[PDB]
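Participant: Experimental structure and its sequence below.
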Amino acid sequence: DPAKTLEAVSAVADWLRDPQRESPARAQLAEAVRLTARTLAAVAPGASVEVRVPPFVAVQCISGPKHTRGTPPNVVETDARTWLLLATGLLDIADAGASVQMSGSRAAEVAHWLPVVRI
């Protein structure tokens with residue numbers, strides 16, 4: 001599993017470092033996104049925060065209570081490239097501006113568990 005996660009990330013790493021390099025095929029992008037997202041879910045198991053990276057994956061992470069009715073749910077949502085930059089540590093979520101949409105009082109806690117793979 002961690003080996004396959006590393007392989008999938010390696011296949012898109014040149015393009016993560018430099019978007020002028022060849023664009024990944026959708027299958028390559030999908031596998032890198034899914035395996036790194038699932039890695040986060042394993043690193044901080046729980047259901048407090050949902051991380052959404054359409055069209056490829058949604059996972060839940062971080063232990064704690066179910067959010068209060070009438071309050072925003074904890075959600076982090078971004079695009080596949082931005083997600084991979086976060087997952088690999090090439091980008092800090094604190095610097096990602098509007099490319100990452102966040103809601104809920106605990107969404108920002110995903111930052112404590114990133115990156116999940118370094119390149």
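Facilitator: Okay, I see it. Numbers count the residues shown, from 1 in each chain.

Participant: and the spatially most central residue of the chain, helix, strand or coil?
Facilitator: Residue closest to the mean C-alpha point of the chain, counted by Cα atoms, centre = their mean, is residue 83 at 4.3 Å. Secondary structure of residue 83, reduced to three states by DSSP: H, G, I helix; E, B strand; the rest coil: helix.

Participant: quick one: the closest residue to it other than its chain neighbours from residue 20, how far?
Facilitator: Among residues not flanking residue 83 along the chain, residue 53 sits closest, at 4.6 Å (Cβ to Cβ, 6 or more residues apart in numbering). The way it works is simple: take the backbone N, C-alpha and C, and place the C-beta from them, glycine included. As for residue 53, its distance to residue 20 is 23 Å (criterion: Cβ to Cβ, to the nearest Å).

Participant: same check, this time on residue 39
Facilitator: 27 Å.

Participant: Comparing those two, which residue is more hemmed in?
Facilitator: residue 39 (21 against 7; other Cβ atoms under 10 Å).

Participant: Can you report how many residues neighbour residue 21?
Facilitator: Neighbour tally, residue 21, other Cβ under 10 Å: 12.
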